[PDB]
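Trainee: To start, I am sharing the structure in question, which I have written as structure tokens.
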Amino acid sequence: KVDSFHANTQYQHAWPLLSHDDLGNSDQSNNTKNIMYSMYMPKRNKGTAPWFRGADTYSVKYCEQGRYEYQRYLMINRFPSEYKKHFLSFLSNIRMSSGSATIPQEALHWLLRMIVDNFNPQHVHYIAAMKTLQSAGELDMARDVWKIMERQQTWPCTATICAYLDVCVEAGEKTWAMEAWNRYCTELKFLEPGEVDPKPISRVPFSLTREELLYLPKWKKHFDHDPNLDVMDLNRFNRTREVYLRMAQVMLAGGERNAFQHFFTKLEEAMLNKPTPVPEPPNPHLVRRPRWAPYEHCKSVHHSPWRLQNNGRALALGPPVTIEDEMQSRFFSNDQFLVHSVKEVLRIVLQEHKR
Amino acid sequence: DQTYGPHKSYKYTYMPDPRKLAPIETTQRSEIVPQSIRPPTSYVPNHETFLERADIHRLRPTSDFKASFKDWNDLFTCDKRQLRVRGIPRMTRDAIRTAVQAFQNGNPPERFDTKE
Amino acid sequence: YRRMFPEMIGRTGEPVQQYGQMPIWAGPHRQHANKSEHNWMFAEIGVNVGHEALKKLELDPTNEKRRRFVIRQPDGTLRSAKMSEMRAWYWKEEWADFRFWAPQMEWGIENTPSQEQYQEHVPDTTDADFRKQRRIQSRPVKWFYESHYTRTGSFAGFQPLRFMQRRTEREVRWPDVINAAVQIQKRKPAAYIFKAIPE
Amino acid sequence: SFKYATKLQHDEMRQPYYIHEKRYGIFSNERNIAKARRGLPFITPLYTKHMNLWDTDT
Amino acid sequence: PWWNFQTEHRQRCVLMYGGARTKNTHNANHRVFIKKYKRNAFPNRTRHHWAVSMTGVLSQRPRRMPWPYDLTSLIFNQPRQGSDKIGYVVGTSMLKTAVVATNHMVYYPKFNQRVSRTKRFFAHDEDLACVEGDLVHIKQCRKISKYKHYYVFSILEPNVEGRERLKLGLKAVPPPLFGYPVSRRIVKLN
Amino acid sequence: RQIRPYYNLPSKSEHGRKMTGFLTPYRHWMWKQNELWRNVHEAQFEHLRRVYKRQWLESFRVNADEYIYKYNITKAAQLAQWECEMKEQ
Amino acid sequence: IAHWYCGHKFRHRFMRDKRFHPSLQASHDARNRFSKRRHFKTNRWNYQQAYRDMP
Amino acid sequence: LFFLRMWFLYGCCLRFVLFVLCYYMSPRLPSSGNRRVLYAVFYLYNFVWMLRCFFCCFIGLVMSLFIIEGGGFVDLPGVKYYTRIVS
Amino acid sequence: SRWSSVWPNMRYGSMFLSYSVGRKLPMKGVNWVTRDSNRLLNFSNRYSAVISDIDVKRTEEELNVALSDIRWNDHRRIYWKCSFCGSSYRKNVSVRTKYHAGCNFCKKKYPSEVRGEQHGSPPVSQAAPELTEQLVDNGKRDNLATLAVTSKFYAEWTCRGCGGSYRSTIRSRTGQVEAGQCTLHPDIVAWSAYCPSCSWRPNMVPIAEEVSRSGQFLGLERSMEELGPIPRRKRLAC
Amino acid sequence: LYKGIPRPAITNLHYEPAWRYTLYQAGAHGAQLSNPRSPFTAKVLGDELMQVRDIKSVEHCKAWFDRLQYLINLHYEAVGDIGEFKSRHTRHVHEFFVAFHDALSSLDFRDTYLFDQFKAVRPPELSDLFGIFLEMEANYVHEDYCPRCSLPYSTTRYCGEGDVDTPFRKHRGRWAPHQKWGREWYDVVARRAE
Amino acid sequence: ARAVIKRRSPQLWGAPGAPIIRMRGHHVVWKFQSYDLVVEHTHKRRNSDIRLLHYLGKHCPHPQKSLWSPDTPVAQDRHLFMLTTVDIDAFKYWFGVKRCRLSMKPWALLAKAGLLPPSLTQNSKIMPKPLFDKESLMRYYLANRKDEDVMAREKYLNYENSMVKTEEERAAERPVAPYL
RNA sequence: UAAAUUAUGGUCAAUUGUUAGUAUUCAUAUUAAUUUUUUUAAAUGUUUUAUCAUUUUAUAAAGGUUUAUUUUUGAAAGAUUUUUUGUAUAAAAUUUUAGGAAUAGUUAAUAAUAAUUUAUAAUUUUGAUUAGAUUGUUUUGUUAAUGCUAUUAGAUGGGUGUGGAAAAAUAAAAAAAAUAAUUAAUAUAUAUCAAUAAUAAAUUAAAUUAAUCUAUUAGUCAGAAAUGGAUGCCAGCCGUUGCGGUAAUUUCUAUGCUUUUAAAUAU
Ligand SMILES: [Mg+2]
Ligand SMILES: [Mg+2]
Ligand SMILES: [Mg+2]
Ligand SMILES: [Mg+2]
Ligand SMILES: [Mg+2]
Ligand SMILES: [Mg+2]
Ligand SMILES: [Mg+2]
Ligand SMILES: [Mg+2]
Ligand SMILES: [Mg+2]
Ligand SMILES: [Mg+2]
Ligand SMILES: [Mg+2]
Ligand SMILES: [Mg+2]
Ligand SMILES: [Mg+2]
Ligand SMILES: [Zn+2]
Ligand SMILES: [Zn+2]
Ligand SMILES: [Zn+2]
């Protein structure tokens, strides 16, 4: 390719004819026209007329084309193992790509690039992108994540709806929250005495009978991990009360009393008269898991003898900011969640006063 | 079976082109950035003192070519082609020219002698 | 034609504009550097650029993925490429159209210089070329006195059979004298005699 | 159909590079370029096959 | 420039305009065979080498190249070539190991036609479902032992007959009457 | 390299190198000066580094997204066509 | 045909090519293409009672 | 083209040889005379071969090594190699 | 040695090289005689100037070529002295008669080299007449005062400081260039005042001065004092 | 039909246009001013900045014209003697003019930006150009000089002697003696003027 | 980390090191010599292609006459030309995102192109290197220092996200009546 | 089981031997090469450091491999502090020899087992293992063309196991932790396997800077071109039928004469 006596890569794009000095035809002063045609230009074979590669040899119809319309739908499957490896990678890349060097908008970049690679952006990715972006306090890009998810026709699960409604509140745009509501969370119910529990996971997961395998067309057998398949079973834990709460917060945020009164009333009533839904265990792919380590080889708090260094085994510097000392919002009883909700509404009143 | 050699000698005319001989617009780089020479220091008084302190390598024996230089200005008027004219061997002569342009930069030939 | 098809003679073009320079923090210390001897052309390449197939889309002012050129004049400013320079960066292109007036065609009697046409040097005098069957020649500047619509283009697109052809071979193997039909030439004499020629 | 179209050293005769991205992901080879044993003789196999011939999908 | 004639050459260092920068490897060499052995004694039992040998693989004439267009790529979308194979189970003498015979395809572009070759694989089936003569689906996986990179993914067609034969205490299939070919004459009577 | 001048602290040893890098306070000061200058250079330099990083990321956002537009439309088209062919089938 | 592959005649080349021809390849019907005759009449005098575990 | 007459060129266009003998041999009828044959030696991969060739050359003051060149056919059967110059 | 075989460089000025046997051989066959229709000295009604440019002593010494033996089209390269700027060079008459081949200096005689006389700039005798005495005196000082003040001509001057001779450009001396050419170094005037060797000292004075004032030198100073209504575009930053 | 997999949701995107977006604008990545002549750019930059931007093209054009009329006023009367061995040649001006006209009209250099400048750059006396060239054809017919090469009859033996740009003397070619006035060249001049 | 160092071609920090942008060509008679801008690793092997990240372009160091453009009476344009093909997107990618290194001669090129400010090694030996002292600098800095938030906003727009959403496009993107 | 038009569209496939009854890709042809000719290489001393030490500097020696060669970030890149993540060693296909037989620290299960664990084990005629030759899957030449015919080079076991990775014992032409230097591309006379030079090979002169070079061959029956003189089945010619028997247009020699002018000749 490069740096050799025979090196092709350098002739592989067009260049105007060089006459600096005598190249053997005495090109400095010599009129090279016929020299150009018969000698210098490449020919089909020795002696044939010169082969013209110019812009006029190609047809007109190349410039009639829209962009990326030459692409055809590509089904690339890959081992199950590889899907795990890859979604994980994209998750940790969306979280942060570089140490202080991460720009918030890199989250967005990595989500998009995952689409461009013919992977399906699972729910975890959307939530992660959204929380990351909102946390960097960049609010338009978070909604942009949402719009991407809508365009892929991925049905947002309840969790995702929560996340996007958090972005809605912080942005204080009621308009977004209404469309989001109206489309996806409508039929969302609460849990009643007759209703049962976390619903069990009911999906089959996808296999093929030998006749399915042999007689079907190729696309019918193509399983990319696709959300909408597991949406039903992502929602098996009934996080609905959270959605109603966020929705109250938004209707208040955009300054409309009636709607807010509605949501908050429903929520209140159901919180008093209906059983507390069983909370979901920690999601393995968001919060991870505490792998086992001995803490023995460690920097031994007094390490530098000028100061107190914090250490992996114990925290010797004291807390930098006070933490509320309450479990994650979903573990609460129903009554407790009612209280929590009031505190939430107040917090939003405050936030709106500061905007 | 080819014992006979080529069937034709393909040759192209030379026909001078009116357009290639057209007068070229020219600048000299000494206009855009003017050339100048540094006056000798007390550290480096004359050209052989220079060649003495710029001699470090065994195989860049500068101080032996003192006679190929008549003076100061002749040293900094020299370049590599014209420096080869005078028959200084190779890596020696580039150590010399490197030294000169180095001294021209504000960095004098002050460097520990490696020979030992 | 001129009245009914006014847009076939291009009167409009992409104006040569100057680019704003990037600020140099080092100040005057480096302000000499980008000012030099020559002009510096920079044409861009990349996966999305340099394909003849797409050429016009790429030179289009309306397209924003449009291939970019820059030129640093010897004083150190920078300007967009003139359209000639832009086109220089694509494989040379032949425009000749045969429908109304004859385009000027290559490898003719008056076109081809000597060594290809005849295998000897033939003196070029502007008078009395017997070989070329011309009496005399006044040589005005080629396209000056003619109408401009009459200029069409140049067709180089064929094999010049007198000069060089494909699958070169001996016409007749015996006698040993004949070559491929491209080798026509007069006999070289017994050793050369030079007459002094001021006369 | 001729000799000139035998020479793949033109870029006009050769299936372009980016195809190998479209199959394996984008910027996927920059990984493979830093590999310990490379180019002697062998490099990580480079898949360029006109996308309408792909055995997998079509 | 490879398109220029022998006498048309001027510089050997560059391509003036474009085209391909080519190196002429000298194809016509009159390369020859050296005869180092008597025709009576050649130091090999099976095959004898009396002339220059053609040395490529896929450079090797007449060209036989990998064809990924057969039945297997027809039914499957494979993440990596050979990640899926359909075959017949031949023999289980090894616990949790099913040997599988499988066809793949070769293409001769000179004759424009295909051949099926055949190849054996060791498949790991935990739990010993397979009987000889089953039509199985087979996948590429974790390296399991020295030779087993495939595992039995699904039985397409079990051997109903063979299983019944097993239940009754007999072998799944009768053992082949003759073994491999021989160059000897075995005289064994009664 | 790291320049070791003649007036650096000489080491007297037959078992090793003749000159240790150690500095006359003058040389140290000088070094600080020249260094400051170069700092002035790399400031602009790596500034331009992060500028181009965001440039490239942004252009990627826009173009990649447009690509998803067009591509998804394609993919939807093909899927429609397929399920049609299966109704026909 | 380069003259140095296989024998000193031409026909030797095409005779080795026939071992590579597509429609000539070895299978369950056409076997032992390269030495048929070393294996011929090899079991005539080898008496093997065929296998029966079933009545 | 007869490719087996070149056996001792071993793929080379010309060969070097040391002189040993010169005898005479009578060509195939109807061509009579004495054709001069030179019996030569050369070595390749430390094997010493005796090459037997037609002598068409010009011998001056006594000399040892010749330059063997290739074919064509000659009156004398079995003669395949020819002489170019003598060194 | 080996490298002796290498062909020289032919810049854009030069025509056909004639470095190879094939390029020499057809011309080796042309024998010239001076027949009185060829003699340069007959044609002085036209070529008179070209006759007075010839170095008559030198040519007959080195080349052994008579001045009566010189054709008007003659191809042999003979020595000349420029009757304008007074520099010696070796060319052939042919090339001075067929096209104009001068002294290689007076090529750059006018400014711009492209548009020859198009200068509207006054001569040196006018704009900066004080330069005319600094010229090295060959006797041609009256002609070199006729040149453009903008002229790119390469002239040799006697240094003020050491009284030796160097060579620089007339416009490099003046500091004036024609509108639309390349601007020179803003300091070029002060820096061409003296020798390449003698110029360092005087120009290093103001620097030492500015590090004496503030104890700190940054070349910034001039640009800064350039700072002590500009139309600007709307920005998309908002 | 309904065997084998659920119908991919993205299929919907075909039937309902509601789902076709592009989140971002065309040049929103920083390329907005790419089009020099777009209304958008005319709005962002404002007029005086645009003038500042195209000044270089304007002075290109002015340059071509200034060269043209210098050459015209130099060679206008076609026969005089302007220099040492050099004399006036209409042909000089002619060929420059063709260079210019090729800058505009040719399809290899197509530099047409040059013509967008004419309503300003073009000199008021140079508006007649072929008229001036005709006048030159008149001056060109004087009898002391060769009809072909325009060199003086007295001081010059051949056509194109001592002219740098001459057509009538090529490299290894031969010298051509002067051609004389008479009906031939008289009607040549005629036809050129035509 | 080699036992016996390959002595002639040393490098910093082992192999393959950083991505670096180099200018390289096979050596030949000066008349035909071209160079290649190449993004590649720090430690090269026998052939430069084994580690080659990207191909940035051809560069020809022969001043050329412009015969492509019509011969132009404008003075400047008839200076000779120097021709270079830059691939600027792989440049901005490798340099910007991947954080490249740079040899000096490529740097000079990329400076003439307006991609980078001129290098460290380009010296008008006319001027000296500057002097410095902290309190004069400090006086100049106390004189001119912009406001905190103006500067923070600068650093925002330059390094982080540039394209932003003005009020109008928000108002244009928020859902209307039936879902509002 | 009907024709089609809103008319040359989607950008060039094109084959040149003077033979000798007839059958069969086979002498003398062209293109490509070797014969063939010093215009692109180069010389030794790698380098800092805290001093007998410690940091930086990872694929050109040979052996002959055809079911064969495969891999990470912990180094640097690399951005702020400390913990911080997972992804890898595996496979699939393509594999030569005119006349062809068995191969073996050996398969699979167990498991951080077993120089004597358990078992009806593994490779082979769908051509194995030894042995011969041979540097593997974008590189050439010929050609109108499915073909035929090239493609270098580069990974050769372990034994205080360092190192992110063994690639670690001359043979660079990769600036190697302060801007050594870029007015640079020049390197003298050495080598290895490359790198095609008779570059207007003969009449008007070189918009130079005048530097390297003094440059020739064949045929002379058939088929462009012959006369003397010898020689006499001899000497010799020979791409080929064949020639040489005192008259050889086929040998040798002398002279002329013939050519379509990078040479004849051999491979
Ligand atoms: Mg040849
Ligand atoms: Mg082919
Ligand atoms: Mg052979
Ligand atoms: Mg014979
Ligand atoms: Mg090795
Ligand atoms: Mg072997
Ligand atoms: Mg394999
Ligand atoms: Mg493997
Ligand atoms: Mg060992
Ligand atoms: Mg005849
Ligand atoms: Mg003979
Ligand atoms: Mg007699
Ligand atoms: Mg006779
Ligand atoms: Zn002069
Ligand atoms: Zn002085
Ligand atoms: Zn005349």
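Each chain in the structure tokens gets a letter, A, B, ..., in the order shown, and its residues are numbered from 1; ligands are numbered from 1 in order too.
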Can you work out which residues from chain A touch chain C at a cut-off of 6 Å (counting only C-alpha atoms) and hand them back as a PDB file with N, CA and C atoms, in the first residue's frame?
Mentor:
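Written out: selection-v8.pdb:
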ATOM      1  N   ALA A  14      -7.456  10.655  -7.868  1.00  0.00           N
ATOM      2  CA  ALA A  14      -7.056  11.470  -9.018  1.00  0.00           C
ATOM      3  C   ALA A  14      -6.051  12.561  -8.684  1.00  0.00           C
ATOM      4  N   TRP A  15      -5.108  12.798  -9.594  1.00  0.00           N
ATOM      5  CA  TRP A  15      -4.083  13.828  -9.415  1.00  0.00           C
ATOM      6  C   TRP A  15      -3.743  14.541 -10.709  1.00  0.00           C
ATOM      7  N   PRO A  16      -3.530  15.869 -10.657  1.00  0.00           N
ATOM      8  CA  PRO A  16      -3.239  16.604 -11.896  1.00  0.00           C
ATOM      9  C   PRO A  16      -1.836  16.269 -12.365  1.00  0.00           C
ATOM     10  N   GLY A  47      -1.581  -1.069 -26.290  1.00  0.00           N
ATOM     11  CA  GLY A  47      -2.058  -0.722 -27.611  1.00  0.00           C
ATOM     12  C   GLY A  47      -3.521  -0.317 -27.749  1.00  0.00           C
ATOM     13  N   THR A  48      -4.376  -0.679 -26.799  1.00  0.00           N
ATOM     14  CA  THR A  48      -5.774  -0.264 -26.899  1.00  0.00           C
ATOM     15  C   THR A  48      -5.899   1.221 -26.637  1.00  0.00           C
ATOM     16  N   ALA A  49      -6.997   1.811 -27.099  1.00  0.00           N
ATOM     17  CA  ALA A  49      -7.297   3.210 -26.824  1.00  0.00           C
ATOM     18  C   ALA A  49      -7.308   3.459 -25.318  1.00  0.00           C
ATOM     19  N   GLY A  54     -12.989   9.294 -16.272  1.00  0.00           N
ATOM     20  CA  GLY A  54     -13.525  10.595 -15.900  1.00  0.00           C
ATOM     21  C   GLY A  54     -14.999  10.618 -15.537  1.00  0.00           C
ATOM     22  N   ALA A  55     -15.483  11.788 -15.127  1.00  0.00           N
ATOM     23  CA  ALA A  55     -16.843  11.937 -14.608  1.00  0.00           C
ATOM     24  C   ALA A  55     -17.920  11.709 -15.654  1.00  0.00           C
ATOM     25  N   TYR A  58     -19.306   7.645 -16.305  1.00  0.00           N
ATOM     26  CA  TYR A  58     -20.374   7.105 -15.474  1.00  0.00           C
ATOM     27  C   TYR A  58     -21.699   7.722 -15.860  1.00  0.00           C
ATOM     28  N   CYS A  63     -26.287  10.569  -9.586  1.00  0.00           N
ATOM     29  CA  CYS A  63     -26.556  11.815  -8.865  1.00  0.00           C
ATOM     30  C   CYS A  63     -28.053  12.099  -8.679  1.00  0.00           C
TER      31      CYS A  63
END
Trainee: Any idea which chain L residues end up within 10 Å of chain J if we count only C-alpha atoms (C1' of nucleotides), as a ChimeraX atom specification please?
Mentor: /L:200,204-207
Trainee: Compute the set of protein, DNA and RNA residues whose minimum atom distance to ligand 2 is at most 8 Å, using only C-alpha atoms (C1' of nucleotides) and all ligand atoms, and state it as a PyMOL selection string.
Mentor: (chain D and resi 3+6) or (chain L and resi 143+147)
Trainee: Compare C:36, C:179, C:117, C:48 by their minimum atom-to-atom distance to chain F, counting only C-alpha atoms, and give me the closest one.
Mentor: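 Closest to chain F, using only C-alpha atoms: C:48.
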Trainee: Show me which residues are within 6 Å of ligand 16 counting only C-alpha atoms (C1' of nucleotides) and all ligand atoms, and format the list as an MDAnalysis selection string.
Mentor: chainID J and resid 146 148:151 158:159 178:179
Trainee: Go ahead and write the residues just picked, N, CA, C and O atoms, as a compact mmCIF listing (two decimals), in the first residue's frame.
Mentor:
# COMPACT_ATOMS: atom_id res chain seq x y z
N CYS J 146 5.88 42.66 -42.99
CA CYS J 146 5.32 41.46 -43.57
C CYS J 146 3.86 41.27 -43.17
O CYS J 146 3.50 41.43 -42.00
N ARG J 148 2.23 38.60 -42.89
CA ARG J 148 2.05 37.43 -42.04
C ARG J 148 2.53 37.67 -40.61
O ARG J 148 1.74 37.58 -39.67
N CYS J 149 3.82 37.96 -40.44
CA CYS J 149 4.40 38.08 -39.10
C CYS J 149 4.53 39.51 -38.56
O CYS J 149 4.93 39.69 -37.41
N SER J 150 4.21 40.51 -39.37
CA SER J 150 4.29 41.92 -38.97
C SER J 150 5.68 42.44 -38.58
O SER J 150 5.79 43.42 -37.83
N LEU J 151 6.74 41.81 -39.09
CA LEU J 151 8.10 42.33 -38.91
C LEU J 151 8.49 43.27 -40.04
O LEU J 151 7.95 43.15 -41.14
N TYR J 158 13.46 36.99 -42.08
CA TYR J 158 12.55 35.85 -41.94
C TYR J 158 11.28 36.20 -41.16
O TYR J 158 11.23 37.23 -40.50
N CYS J 159 10.26 35.36 -41.24
CA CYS J 159 9.05 35.58 -40.44
C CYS J 159 9.24 35.06 -39.02
O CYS J 159 9.60 33.90 -38.81
N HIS J 178 10.15 36.13 -45.60
CA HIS J 178 8.97 37.00 -45.60
C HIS J 178 8.06 36.76 -46.78
O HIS J 178 8.50 36.44 -47.89
N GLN J 179 6.77 36.94 -46.54
CA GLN J 179 5.79 36.81 -47.59
C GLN J 179 5.41 38.22 -47.98
O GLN J 179 5.46 39.11 -47.15
Trainee: When DSSP is applied to the backbone of this structure, which of chain F are assigned helix (DSSP H, G or I)? Write them out as an MDAnalysis selection string.
Mentor: chainID F and resid 25:88
Trainee: Quick check: residues of chain K within 8 Å of chain D, only C-alpha atoms, returned as a PDB file with N, CA, C and O atoms, in the first residue's frame.
Mentor:
ATOM      1  N   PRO K  16       2.851  -2.098  20.041  1.00  0.00           N
ATOM      2  CA  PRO K  16       2.905  -0.892  19.216  1.00  0.00           C
ATOM      3  C   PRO K  16       2.443   0.276  20.066  1.00  0.00           C
ATOM      4  O   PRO K  16       1.488   0.138  20.837  1.00  0.00           O
ATOM      5  N   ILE K  50       1.826  -3.210   7.767  1.00  0.00           N
ATOM      6  CA  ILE K  50       1.394  -4.061   8.868  1.00  0.00           C
ATOM      7  C   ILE K  50       0.723  -3.235   9.949  1.00  0.00           C
ATOM      8  O   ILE K  50      -0.405  -3.532  10.327  1.00  0.00           O
ATOM      9  N   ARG K  51       1.390  -2.198  10.450  1.00  0.00           N
ATOM     10  CA  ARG K  51       0.669  -1.249  11.285  1.00  0.00           C
ATOM     11  C   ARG K  51       0.407   0.023  10.512  1.00  0.00           C
ATOM     12  O   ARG K  51       1.251   0.909  10.452  1.00  0.00           O
ATOM     13  N   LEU K  52      -0.796   0.133   9.974  1.00  0.00           N
ATOM     14  CA  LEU K  52      -1.222   1.341   9.295  1.00  0.00           C
ATOM     15  C   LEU K  52      -2.667   1.559   9.693  1.00  0.00           C
ATOM     16  O   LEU K  52      -3.524   0.761   9.340  1.00  0.00           O
ATOM     17  N   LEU K  53      -2.967   2.640  10.393  1.00  0.00           N
ATOM     18  CA  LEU K  53      -4.331   2.821  10.862  1.00  0.00           C
ATOM     19  C   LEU K  53      -5.204   3.365   9.751  1.00  0.00           C
ATOM     20  O   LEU K  53      -6.345   2.954   9.571  1.00  0.00           O
TER      21      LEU K  53
END
Trainee: When you look at residue 105 of chain B with a cut-off of 9 Å (counting only C-alpha atoms (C1' of nucleotides)), what residues show up, excluding the ones that are within fewer than 6 positions of it in the same chain? I need them as a ChimeraX atom specification.
Mentor: /K:123-126,128-129 /L:179
Trainee: Keeping N, CA and C atoms (P, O5', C5', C4', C3', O3' and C1' of nucleotides), export the residues of the selection given above as a PDB file, in the first residue's frame.
Mentor:
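What ended up in selection.pdb:
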ATOM      1  N   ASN K 123      11.175  28.210  12.961  1.00  0.00           N
ATOM      2  CA  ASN K 123      11.835  29.321  13.638  1.00  0.00           C
ATOM      3  C   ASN K 123      12.305  30.414  12.694  1.00  0.00           C
ATOM      4  N   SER K 124      11.733  31.603  12.806  1.00  0.00           N
ATOM      5  CA  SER K 124      12.399  32.742  12.203  1.00  0.00           C
ATOM      6  C   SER K 124      13.496  33.048  13.188  1.00  0.00           C
ATOM      7  N   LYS K 125      14.739  32.941  12.747  1.00  0.00           N
ATOM      8  CA  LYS K 125      15.851  33.028  13.677  1.00  0.00           C
ATOM      9  C   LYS K 125      16.174  34.501  13.883  1.00  0.00           C
ATOM     10  N   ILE K 126      15.356  35.331  13.247  1.00  0.00           N
ATOM     11  CA  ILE K 126      15.331  36.771  13.446  1.00  0.00           C
ATOM     12  C   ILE K 126      14.979  37.163  14.872  1.00  0.00           C
ATOM     13  N   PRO K 128      14.193  36.309  18.869  1.00  0.00           N
ATOM     14  CA  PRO K 128      14.608  35.335  19.880  1.00  0.00           C
ATOM     15  C   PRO K 128      13.395  34.707  20.563  1.00  0.00           C
ATOM     16  N   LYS K 129      13.626  33.747  21.449  1.00  0.00           N
ATOM     17  CA  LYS K 129      12.545  33.237  22.274  1.00  0.00           C
ATOM     18  C   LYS K 129      12.302  34.275  23.367  1.00  0.00           C
TER      19      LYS K 129
ATOM     20  P     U L 179      11.742  21.484  23.992  1.00  0.00           P
ATOM     21  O5'   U L 179      11.844  20.439  22.793  1.00  0.00           O
ATOM     22  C5'   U L 179      11.296  20.736  21.516  1.00  0.00           C
ATOM     23  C4'   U L 179      12.361  20.846  20.450  1.00  0.00           C
ATOM     24  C3'   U L 179      13.773  21.098  20.960  1.00  0.00           C
ATOM     25  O3'   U L 179      14.704  20.557  20.026  1.00  0.00           O
ATOM     26  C1'   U L 179      13.089  22.924  19.653  1.00  0.00           C
TER      27        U L 179
END
Trainee: So that I can see what lies close to residue 83 of chain A, please list as a list in words the residues with an atom at most 10 Å from it, counting only C-alpha atoms (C1' of nucleotides) and leaving out residues fewer than 6 positions away in the same chain.
Mentor: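 Here the qualifying residues turn out to be residues 77, 89, 119, 120, 224 and 225 of chain A.
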Trainee: How many Å separate atom CA of residue 14 of chain K from atom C1' of residue 76 of chain L?
Mentor: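 Between atom CA of residue 14 of chain K and atom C1' of residue 76 of chain L the gap is 7.0 Å.
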Trainee: Check every protein, DNA and RNA residue against ligand 7, keep those with an atom at most 8 Å away (counting only C-alpha atoms (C1' of nucleotides) and all ligand atoms), and present them as JSON, numbers by chain.
Mentor: {"L": [67, 68, 92, 93]}
Trainee: Counting only C-alpha atoms (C1' of nucleotides) and all ligand atoms, name the residues that have an atom within 10 Å of an atom of ligand 1; the answer should be given as a list in words.
Mentor: residues 1, 2, 3, 4, 5, 6 and 7 of chain B; 6 of chain E; 31, 32, 33, 34 and 35 of chain L
Trainee: Could the residues in this selection be saved with C-alpha atoms (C1' of nucleotides) as a PDB file, in the first residue's frame?
Mentor:
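And here is the file that came out, out20.pdb:
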ATOM      1  CA  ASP B   1      10.026 -18.255 -29.465  1.00  0.00           C
ATOM      2  CA  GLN B   2      11.395 -14.685 -29.472  1.00  0.00           C
ATOM      3  CA  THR B   3      15.045 -14.359 -30.452  1.00  0.00           C
ATOM      4  CA  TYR B   4      14.384 -11.173 -32.368  1.00  0.00           C
ATOM      5  CA  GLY B   5      13.855  -8.253 -29.982  1.00  0.00           C
ATOM      6  CA  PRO B   6      11.190  -5.485 -30.074  1.00  0.00           C
ATOM      7  CA  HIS B   7       9.128  -4.752 -33.176  1.00  0.00           C
TER       8      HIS B   7
ATOM      9  CA  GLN E   6       9.072  -2.773 -23.902  1.00  0.00           C
TER      10      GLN E   6
ATOM     11  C1'   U L  31       3.880  -9.853 -26.362  1.00  0.00           C
ATOM     12  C1'   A L  32       6.418 -11.074 -21.475  1.00  0.00           C
ATOM     13  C1'   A L  33      10.883 -12.531 -19.497  1.00  0.00           C
ATOM     14  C1'   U L  34      16.501 -14.710 -18.570  1.00  0.00           C
ATOM     15  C1'   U L  35      21.007 -13.916 -22.331  1.00  0.00           C
TER      16        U L  35
END
